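Engineer: Once you've seen the sequence and the experimental structure below, I've got questions.
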Amino acid sequence: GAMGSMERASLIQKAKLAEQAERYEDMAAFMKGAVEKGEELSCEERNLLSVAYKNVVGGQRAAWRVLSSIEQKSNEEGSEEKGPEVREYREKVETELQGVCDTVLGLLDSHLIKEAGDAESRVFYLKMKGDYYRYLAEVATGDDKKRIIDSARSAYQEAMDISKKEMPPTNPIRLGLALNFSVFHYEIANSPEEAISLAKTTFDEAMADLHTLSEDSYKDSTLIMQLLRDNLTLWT
Amino acid sequence: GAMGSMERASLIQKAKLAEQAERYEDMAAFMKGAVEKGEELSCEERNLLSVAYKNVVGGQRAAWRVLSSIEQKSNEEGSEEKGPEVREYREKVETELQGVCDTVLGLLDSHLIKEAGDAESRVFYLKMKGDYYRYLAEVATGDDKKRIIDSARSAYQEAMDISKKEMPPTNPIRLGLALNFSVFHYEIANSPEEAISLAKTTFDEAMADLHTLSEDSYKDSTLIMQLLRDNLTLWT
Amino acid sequence: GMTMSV
Amino acid sequence: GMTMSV
Ligand SMILES: [Cl-]
Ligand SMILES: [Cl-]
Ligand SMILES: [Mg+2]
Ligand SMILES: [Mg+2]
Ligand SMILES: [Mg+2]
Ligand SMILES: [Mg+2]
């Protein structure tokens, strides 16, 4: 790999520089190189990995949705035929997005998840696995769509089981996992009631644990609680 | 080239799709492929080419400035030594930016400019040549910096001479050329008085010609006149 | 309109 | 603060 000759610490340093410069493709490539050094990642390093790929795939998802909307309109009644170009270019972006998801899932499988023993790392990586299978599910249309959906569900469920056993209800990783699994239920699994129930129960349990927290921890937890509330307001 | 197998019209169509999806690297590659078909570009096609590369190089310039600022701070009195990484990564971004500028200049030289006979195309392409030499000048520090600066100046000057002879003072291409040549004087050539004089004279001549225009042309011209005014307000 | 995730 | 170009 092109990062094989660079020191692990230099890759991390450059990932932080790329973030400051909003160069997220570079940031992702640097953190991929750091993961491939084979050492476990610290808390800060895990969040650099997540930030980088979340931004890259976020831009690809936004573009895919623009192009998919155009393609769907072109297939309505009374829409003039414009040839294969819209489909081709949507497919190009889709393939690039799938490739990024496959890359992340490959890093998790070789070998981040199997070496992750602490709840904070294991839940973080399993949430990531659920997230990137969810992104694959958003564009899936063929024979393997059900298996992609179930792979997302399975990863989220394992993360949830650990998080409920090992973390307090206000833990930001636990909260963000529940937020995203709730979105999975609503957007992917056609289960809006499950989505709503999960978001409400997560919010209420966290509310009841806020009294245990410092001011700084209270700020971190309430930030994600507000995202659960935003979704509940959208959905009810 | 990877676009050699795609129809010219399909490349243009996909450039417009990439713009809608804010995929400007794709947009640039599609328009590079369209230029390399060897036919002249229409007005609309020229603006697709310009939009695409302006966005790509604009992001690179913004990142280069972030990294250059960090590098300059690291070389101040009392700054801890952090190794070669900041310089290396600034150099990486700089090299990528130079490569994009070289690509654009290569398209202009092979063979957009030599086939451009109408004032609207010739001035447009010569302004582009000045712009991308200006972007090279922004990062130049070596033996060829003066020659890069003079290449920008020479292209702008030829465009100005044609625009004053062949276009009315309110023509948006003429106005944007003068805006950018004024920025060249202020930021590149260390000539703030020339920058100010050019912007003022351009603004005043355009003001006096507005009465000849339709409502739509008046809107297009006054938009760029306001940018000249913004710079004059910043500079005086 | 936007569904929130993190 | 921003210099305008087009
Ligand atoms: Cl394509
Ligand atoms: Cl580098
Ligand atoms: Mg080493
Ligand atoms: Mg371990
Ligand atoms: Mg043909
Ligand atoms: Mg000609």
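Structural biologist: Thanks, I have it. Residues are numbered from 1 along each chain as shown, chains lettered A, B, ... in the order given. Ligands and ions are numbered 1, 2, ... in the order given.
Engineer: what separates the helix or strand containing residue A:133 from the chain centre, distance-wise?
Structural biologist: Using DSSP states H and E, residue A:133 sits within helix A:119-139. On the basis of Cα atoms, centre = their mean, to the nearest Å, helix A:119-139 sits 6 Å off its chain's mean C-alpha point.
Engineer: Next: stretch A:102-121.
Structural biologist: Worked out by Cα atoms, centre = their mean, stretch A:102-121 lies 14 Å from the chain centre.
Engineer: returning to that earlier point: pull the CA atoms of the helix holding residue A:133 into CSV?
Structural biologist: Once non-C-alpha atoms are left out, helix A:119-139 reads as follows in CSV (Å, rounded to 0.1, in the frame of the first residue of the first chain):
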residue,chain,number,x,y,z
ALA,A,119,-16.3,-2.1,25.4
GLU,A,120,-15.5,1.3,24.1
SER,A,121,-13.5,0.0,21.1
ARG,A,122,-15.6,-3.1,20.4
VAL,A,123,-18.9,-1.2,20.4
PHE,A,124,-17.4,1.6,18.3
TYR,A,125,-16.2,-0.8,15.6
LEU,A,126,-19.4,-2.8,15.6
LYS,A,127,-21.4,0.4,15.2
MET,A,128,-19.1,1.3,12.2
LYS,A,129,-19.8,-2.2,10.7
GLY,A,130,-23.5,-1.6,11.0
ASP,A,131,-23.2,1.9,9.6
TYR,A,132,-21.3,0.8,6.4
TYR,A,133,-23.6,-2.1,5.8
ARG,A,134,-26.5,0.4,6.2
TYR,A,135,-24.8,2.6,3.5
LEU,A,136,-24.5,-0.5,1.2
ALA,A,137,-28.2,-1.2,2.0
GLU,A,138,-29.3,2.3,0.9
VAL,A,139,-28.2,1.5,-2.7
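Engineer: tell me which strands and helices it is in contact with?
Structural biologist: helix A:43-74, helix A:85-107, helix A:113-115, helix A:145-166, helix A:172-183 (3 or more Cβ pairs under 8 Å, 6 or more residues apart in numbering or on different chains; DSSP states H and E). From N, CA and C alone the C-beta is placed, and that goes for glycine too.
Engineer: which other helices and strands contact the first one?
Structural biologist: Which is helix A:43-74. helix A:8-20, helix A:24-36, helix A:85-107, helix A:119-139, helix B:8-20.
Engineer: Pull out the buried positions in it.
Structural biologist: A:45-46, A:48-57, A:59-61, A:63-64, A:66-68, A:70 (16 or more other Cβ atoms under 10 Å in any protein chain shown).
Engineer: ditto for stretch A:18-25
Structural biologist: Buried residues in stretch A:18-25, counted by 16+ other Cβ under 10 Å: A:18, A:19, A:21, A:23, A:24.
Engineer: what about the residue located most distally from the centre of chain A, which SS state?
Structural biologist: In chain A, the residue that sits farthest from the middle, by Cα atoms, centre = their mean, is residue A:78; the gap is 38.1 Å. Look at residue A:78: counting by DSSP: H, G, I helix; E, B strand; the rest coil, its state is coil.
Engineer: and it, what does it touch?
Structural biologist: Residue A:78 makes no contacts at all, as judged by Cβ atoms under 8 Å, 6 or more residues apart in numbering or on different chains.
Engineer: Turn the helices and strands packed on helix A:119-139 into TSV, including distance to residue A:233.
Structural biologist: As requested, the helices and strands packed on helix A:119-139 are arranged in TSV below (distance: least, Cβ to Cβ, whole Å):
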stretch	distance to residue A:233
helix A:43-74	22
helix A:85-107	29
helix A:113-115	34
helix A:145-166	23
helix A:172-183	13
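Engineer: Out of those helices, which gets nearest to ligand 2?
Structural biologist: Minimum separation from ligand 2 across the helices and strands packed on helix A:119-139 (Cβ to the ion) falls at helix A:43-74, 14.8 Å.
Engineer: which ones are touching the closest residue to ligand 6 within chain A?
Structural biologist: Shortest chain A-to-ligand 6 distance, computed as Cβ to the ion: residue-wise this is residue A:85, at 27.5 Å. By Cβ under 8 Å, 6+ apart, the residues touching residue A:85 are B:10, B:13, B:14, B:17.
Engineer: From residue B:11, how far out is it?
Structural biologist: Residue A:85 sits 9 Å away from residue B:11, going by Cβ to Cβ, to the nearest Å.
Engineer: What is the neighbour count of residue A:120?
Structural biologist: Residue A:120 is flanked by 17 other residues according to other Cβ atoms under 10 Å in any protein chain shown.
Engineer: Pretty sure it sits against residue A:173.
Structural biologist: Yes. Residue A:120 lies in contact with residue A:173 (Cβ atoms under 8 Å); the separation is 6.3 Å.
Engineer: which neighbours do those two share?
Structural biologist: With Cβ under 8 Å, 6+ apart as the test, residue A:120 and residue A:173 both reach residue A:167.
Engineer: Residues of chain A that sit close to ligand 1?
Structural biologist: Counting by Cβ under 5 Å from the ion, chain A comes close to ligand 1 at A:88, A:89, A:92.
Engineer: Tell me which residues touch the residue of chain A found nearest chain D, please.
Structural biologist: Chain D sits closest to residue A:22 of chain A, with a gap of 16.7 Å, by Cβ to the nearest Cβ. Taking Cβ under 8 Å, 6+ apart, we find residue A:22 in contact with B:59, B:62, B:63, B:66.
Engineer: ok, so what distance separates it from residue B:19?
Structural biologist: Taking Cβ to Cβ, one finds residue A:22 at 20 Å from residue B:19.
Engineer: coming back round to it: any idea which of the contacts of residue A:22 is closest to residue B:233?
Structural biologist: Proximity of the contacts of residue A:22 to residue B:233 (Cβ to Cβ) peaks at residue B:62, which lies at 22.6 Å.
Engineer: residues contacting the closest one?
Structural biologist: Contacts of residue B:62 (Cβ under 8 Å, 6+ apart): A:21, A:22.
Engineer: Residue A:60 now?
Structural biologist: So residue A:60 contacts A:93, A:96, A:97, A:100 (Cβ under 8 Å, 6+ apart).
Engineer: Among those residues, which one has the most neighbours?
Structural biologist: Counting neighbours by other Cβ under 10 Å, residue A:93 leads those with 25 neighbours.
Engineer: thought that one was touching residue A:59?
Structural biologist: No. Here residue A:93 does not reach residue A:59: they are 9.9 Å apart, not a contact under Cβ under 8 Å.
Engineer: follow-up on the earlier one: could you pick out the buried ones from the residues of chain A next to ligand 1?
Structural biologist: Using 16+ other Cβ under 10 Å, the buried ones in the residues of chain A next to ligand 1 are A:89, A:92.
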